[PDB]
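Heads up, the thing below is written out as structure tokens.
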Amino acid sequence: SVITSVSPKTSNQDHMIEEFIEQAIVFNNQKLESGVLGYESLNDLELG
Amino acid sequence: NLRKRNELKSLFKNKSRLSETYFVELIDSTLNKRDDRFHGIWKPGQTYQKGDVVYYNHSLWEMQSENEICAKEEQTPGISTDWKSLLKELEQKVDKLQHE
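Chains AH and AE supply the protein sequences, listed in that same order. As numbered in the authors' numbering, residues 1183 to 1230 make up the first sequence, in order. As numbered in the authors' numbering, residues 2 to 101 make up the second sequence, in order.
Below you can see the structure in the form of structure tokens.
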């Protein structure tokens, strides 16, 4: 085996490149804790 | 100076979110032993600054030395020459008059 590239005239596939847009970003990162001391801003402590 | 216990207790309730003004009022309304110069009872292992006031046996003492010092286990207000008090000067003077 020998590794080469993909071409639209030897196969029908190419490299797929698209543009990144800042305002359409979604994060995938969940907080480990919530609502407890040490993990929230002072504005968000509800004094339960 | 601004608020009482019954006024401060009114900002912390079963359903009350926090804010910085509550802590500002909490800090201003209690006694700050560094900024108002009063430390209560003398303790060994504490550092003091010029002007501090401390209660040792039956007297209040103000520190005279201008540089920071450390409470030595041996150096106690009355033994050393850092501290000062009037209830001892006047005591000795009146004792002298009494003896004379």
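Backbone N, C-alpha and C fix where the C-beta goes; we use that ideal spot for every residue, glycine too.
- Interface criterion not met: the Cβ of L1219(AH) is under 8 Å from no Cβ in chain AE.
- Taking the Cβ atoms as the reference, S81(AE) lies roughly 10 Å from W62(AE), outside the contact range of under 8 Å.
- For the pair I1207(AH) and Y23(AE), the Cα-to-Cα distance works out to about 37 Å.
- The stretch 13-21 of chain AE and the stretch 42-50 of chain AE do not touch, with fewer than 3 CB-CB distances between them shorter than 8 Å.
- Rounded to whole angstroms, the separation of the alpha carbons of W43(AE) and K73(AE) is 11 Å.
- When DSSP states are grouped into helix, strand and coil, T22(AE) belongs to the helix group.
- In this chain, the beta strand (DSSP E) harbouring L61(AE) covers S60 to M64.
- According to the DSSP secondary-structure assignment, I1185(AH) is paired through a beta bridge with no residue.
- The criterion of a C-beta distance shorter than 8 Å is satisfied by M64(AE) and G52(AE).
- Taking every protein chain shown into account, the CB of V55(AE) has 16 or more other CB atoms within 10 angstroms, so this residue is buried.
- Here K85(AE) carries a strand assignment [DSSP, helix/strand/coil].
- Interface flag for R38(AE) against chain AH is unset, since no Cβ pair is found closer than 8 Å.
- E21(AE) reaches chain AH at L1224, counting residues in chain order whose Cβ is nearer than 7 Å.
- Here the alpha carbons of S60(AE) and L88(AE) stand approximately 6 Å from one another.
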